[PDB]
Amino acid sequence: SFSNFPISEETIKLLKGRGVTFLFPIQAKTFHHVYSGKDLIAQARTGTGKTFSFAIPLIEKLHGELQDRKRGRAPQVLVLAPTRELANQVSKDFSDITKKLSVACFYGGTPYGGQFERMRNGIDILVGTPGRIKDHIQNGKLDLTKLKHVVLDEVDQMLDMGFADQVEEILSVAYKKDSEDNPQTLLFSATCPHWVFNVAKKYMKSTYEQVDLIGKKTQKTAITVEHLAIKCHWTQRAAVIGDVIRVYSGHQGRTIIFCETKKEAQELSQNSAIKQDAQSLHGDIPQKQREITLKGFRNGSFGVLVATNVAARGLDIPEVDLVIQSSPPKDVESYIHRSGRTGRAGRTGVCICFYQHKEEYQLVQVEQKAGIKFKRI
């Protein structure tokens, strides 16, 4: 039931088409904060439902306002994500649950024509990646001065170096120092350390809310994910991975293998231990192929995806029951987000980290920092 929340009958019917019949904890704990207009920073584990944590109350709020739908109208909501496929996926959690609001998704490697047409038609909710959106602001086509709501998903990556400046210049169009006409700021991640909270305060009002479902003294990773580790020299790694997938991935199960470089990921996808069922996904793949590859992985045209961290965050593929990491990452955030491509929305999954003898120090650091212990198989 939805009886504690102001969700219309029409949104309940659309949410049923997505398999949503009640709010998950992170959604229940944030709904009135978002709906009523307060700023919010929220931390919850991978796979617990952060996307609808902002999308449903924002849609209910916007449905309850005037909405005259004039042609060429400026966006009321901005959502930023760190990758093109994540933006596309987040886009659909708005679009699937409104018939009224015009939802647009702008990112790179896409033709401009369709994006200009949506701008001419009018946008209510804009989801996208920073680069292409910055581009449309600077060519004069996009108006973000009328934003009422700004979501940074994966906020800790959006505000790290590599995005901080791009994000800053985009938000500088809508945010001014010391102001009460600034849009509502909504910030979400499975990993929200002190530094992110500190940088976040610059964009938030004094009246902001915090919701932390992870807390201290709790494992950082999704609770339904089992963590295993395999010691293996890099010369053996491809073959053992091939055998691991055959026995640790289940009936109609999908596997993601994460590697540290585009070069490693591409070459592993070619290795005959896995190439027959595998495709690569990384930033040197042209965007049309990235989307075809991801869609095939989602619908089960092949069962093994070899990816860089382009696929580490946000992507939700329910059939992924096996994550393999080719080596322990030096950033524990990377291990946490990668491991969380499995074990989502209460399903169990397995994450297996390969490591060389000289990478054992990094394995131990991931263990300690994430609050987990690897079974060494």
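So that there is no doubt, residue numbering starts at 1 and follows the sequence shown.
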> Other compared entries: residue 168 unbuilt in at least a third?
Replying inline: no
>> Given that the flanking residues are present, does residue 133 go without coordinates in at least a third of the other entries of this protein?
In response: no
> In the PDB record, does 326-334 or 47-55 carry the higher mean Cα temperature factor?
Replying inline: 326-334
>> Regarding 116-124 and 151-159, which shows the higher C-alpha temperature factor on average in the entry?
In response: 116-124
> In the PDB entry, which of 185, 271, 91, 102 has its C-alpha at the highest B-factor?
Replying inline: 271
> Which is it among 203, 106, 248, 297: the one with the largest CA B-factor in the entry?
Replying inline: 203
> Which third, lowest, middle or highest, does the CA B-factor of residue 166 fall in along this chain?
Replying inline: highest
>> Split into thirds by Cα B-factor across the chain's modelled residues, where does residue 38 land: lowest, middle or highest?
In response: middle
>> When the deposited Cα B-factors of this chain's modelled residues are ordered and cut into thirds, is residue 288 in the lowest, the middle or the highest one?
In response: middle
>> Lowest, middle or highest third: which one holds residue 321 when the chain's residues are ordered by CA B-factor from the entry?
In response: lowest
>> For the chain shown, is the CA B-factor of residue 64 in the lowest, middle or highest third of its modelled residues?
In response: highest
